[PDB]
Amino acid sequence: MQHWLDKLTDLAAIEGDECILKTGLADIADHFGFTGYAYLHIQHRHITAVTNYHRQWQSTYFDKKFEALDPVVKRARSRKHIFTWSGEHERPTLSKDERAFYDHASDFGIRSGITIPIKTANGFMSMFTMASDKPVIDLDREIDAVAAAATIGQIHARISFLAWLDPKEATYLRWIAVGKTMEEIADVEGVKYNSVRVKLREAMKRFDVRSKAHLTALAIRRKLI
Amino acid sequence: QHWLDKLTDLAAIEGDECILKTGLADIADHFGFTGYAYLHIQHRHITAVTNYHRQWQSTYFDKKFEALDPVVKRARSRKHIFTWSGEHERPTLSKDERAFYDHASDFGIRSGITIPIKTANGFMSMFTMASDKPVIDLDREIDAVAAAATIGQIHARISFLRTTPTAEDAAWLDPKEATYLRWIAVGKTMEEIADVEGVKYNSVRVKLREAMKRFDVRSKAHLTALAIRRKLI
DNA sequence: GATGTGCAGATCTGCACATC
DNA sequence: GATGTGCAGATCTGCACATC
Ligand SMILES: CCCCCC(=O)CC(=O)N[C@H]1CCOC1=O
Ligand SMILES: CCCCCC(=O)CC(=O)N[C@H]1CCOC1=O
């Protein structure tokens, strides 16, 4: 199947509100074995988030102003380049406080991750993180920093631009719109043929159409894609 | 200082496209370039947003230079910022490429900086700053990572907010193709189209597959999508 | 209800050929 | 070239039923 960066690039192109996007982001994170994801926009010390991290951890994170303690945000602020982090692996040279921070985050299964930080308008920044409950992130192939940046640039803009087709309906329909067969969609998305078949036939039924070409035309005409 | 930063700031302003294109043109000028060019590529089907001379835009597509331009070739091959130069590449270039670059020079396009990225559904987009200088003499190399981050945002601003192409490759449908394709777009089968338009099933079959051949698409859904996207229906 | 499984028959797509 | 013929195999659509 395609990489999650490609999945994110595809998602950045679908229509819909924040709710639709979050459903899609969570599914991608889950699909690739991550416990959650988090998008953060940071201007100075002011942060806004689009994440599926436990609400309890989010509240604590905001309440105790962890943006100023989180080693991940520190690195992101320091260098705009994708990186992997690990609470366990980073232990040495981590203040007693940064240590307490990681132990608390561990209670939520946030122990390691991959983060992609980029510069955005007005000298501010945005970062996207894929979190794991594993001790460390082990990768056979290093992720292309350039491709990672291009992907997050699109994801950031899409979020900044914030009935509808759901993420799977939209994502699958978009591939139908570029000539893919359902088997090919199953392969690139890493899902079962039947999941693609079921999702799309339901879309067809809800819109009362008899062919993919009709669903495609109606979706485009109605700005659903 | 740093046009990449200016582009990032511009990618954030939401308003009508007329202001976006003006902003892009202004940045290109401010930093000493002859102009800019954004291309969204979907296998030979290309849409452009650029302030390159209107005549060059017309020639570029009428001659299908996308298939000749070494800049596009390199972009399709590797998604990484690069600088190009007609004069510097001379030795490497064939007779058609040299000529190609010659015509471009007539429009103030002799060298440039191009940033290509991958976009949704296996396609790509690229942003170029063109100069009239024989070569780009950069004092400091432009960070490929930062460049990608910027163009990812510019691509989303142009594409997601549905900007009007300033130029694109020629794609059309003759009267019959259009008539039959409109029916396909509302759920009809080839047979049903034959009955309603009072023609042979083979007439509909051949008219549409030839159109599919011309657009280079594998399915009717794809032909339908490109046709609607291009306003042919 | 949300999804998934199966498949018969409907349709289309890819290829080789033929005719206007 | 534009249009038309022929068809095996690819691919989809509609309906019935299964899972949990
Ligand atoms: C609003 C919720 C906080 C999101 C924080 C973020 O983006 C970066 C990050 O994953 N930091 C990790 C590392 C240890 O705990 C975390 O949460
Ligand atoms: C529609 C106008 C064509 C834009 C093509 C483009 O984006 C890349 C590019 O700069 N190619 C250059 C190099 C020689 O001529 C050009 O135009």
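These values consider heavy atoms only, across backbone and side chains, with no hydrogens, waters or symmetry-generated copies. Below, chains carry the letters A, B, ... as their sequence lines are ordered, and counting in each starts from 1.
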What heavy-atom pair brings [X] and [Y] nearest, and what distance separates the two atoms?
X        : Y        : answer
B:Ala148 : A:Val146 : CB-O, 3.3 Å
B:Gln153 : B:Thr8   : OE1-CG2, 3.7 Å
B:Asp174 : B:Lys207 : OD2-NZ, 2.7 Å
A:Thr120 : A:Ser126 : CG2-OG, 3.3 Å
A:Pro71  : A:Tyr102 : CG-CE1, 3.8 Å
B:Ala225 : A:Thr216 : CB-CG2, 3.8 Å

Is any side-chain N of the basic residue among [X] and [Y] closer than 4.0 Å to the acidic one's carboxylate O?
X        : Y       : answer
B:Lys118 : A:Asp6  : yes
A:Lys223 : A:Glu15 : no
B:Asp169 : B:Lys64 : no

All stems with DNA chain C, defined as three or more consecutive Watson-Crick or G-U pairs under 3.5 Å: C:1-20 with D:1-20
Flag the pair A:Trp57 / A:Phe101 as yes when their ring centroid distance falls below 6.0 Å, and as no otherwise. yes
Which parts of residues 202-220 of chain A get close to DNA chain D, meaning a heavy atom less than 4.0 angstrom away?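 Heavy-atom cutoff 4.0 Å gives A:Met204, A:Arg210, A:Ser211, A:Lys212.
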So, using salt bridge (charged side-chain N to carboxylate O under 4.0 Å, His left out) as the criterion, who are the partners of B:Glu17 when residues are at least two apart?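 B:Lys21.
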Measure up the B:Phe123 and B:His43 rings against each other and bin them: parallel (under 30°), tilted (30 to 60°), perpendicular (over 60°).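 Plane angle over 60°, so perpendicular.
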What donor-acceptor contacts under 3.5 angstrom involve side-chain atoms of residues 200-213 of chain A, with partners at least two apart or in another chain?
| from | atom 1 | to | atom 2 | distance (Å) |
| --- | --- | --- | --- | --- |
| A:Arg206 | NH1 | A:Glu169 | OE2 | 2.8 |
| A:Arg206 | NH2 | A:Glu169 | OE1 | 3.0 |
| A:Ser211 | OG | A:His214 | N | 3.2 |

Would you mind telling me which residue lines up with the more 5' stretch of DNA chain D, B:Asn202 or A:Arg201, judged by nearest nucleotide?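 Its nearest nucleotide being more 5', the pick is B:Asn202.
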Here's a test of your reading of the structure: between B:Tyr201 and A:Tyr193, which maps to the more 5' nucleotide of DNA chain D?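 It is B:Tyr201, whose closest nucleotide lies nearer the 5' terminus.
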From the 5' end of DNA chain C to its 3' end, which nucleotides mark the outer limits of contact with chain A, defined by a 4.0 Å heavy-atom distance cut-off (strictly under)?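 Both ends considered, the range comes out as C:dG4 to C:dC7.
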Residues touching DNA chain C, which here means a heavy atom under 4.0 Å, drawn from residues 178-190 of chain B: B:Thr189, B:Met190
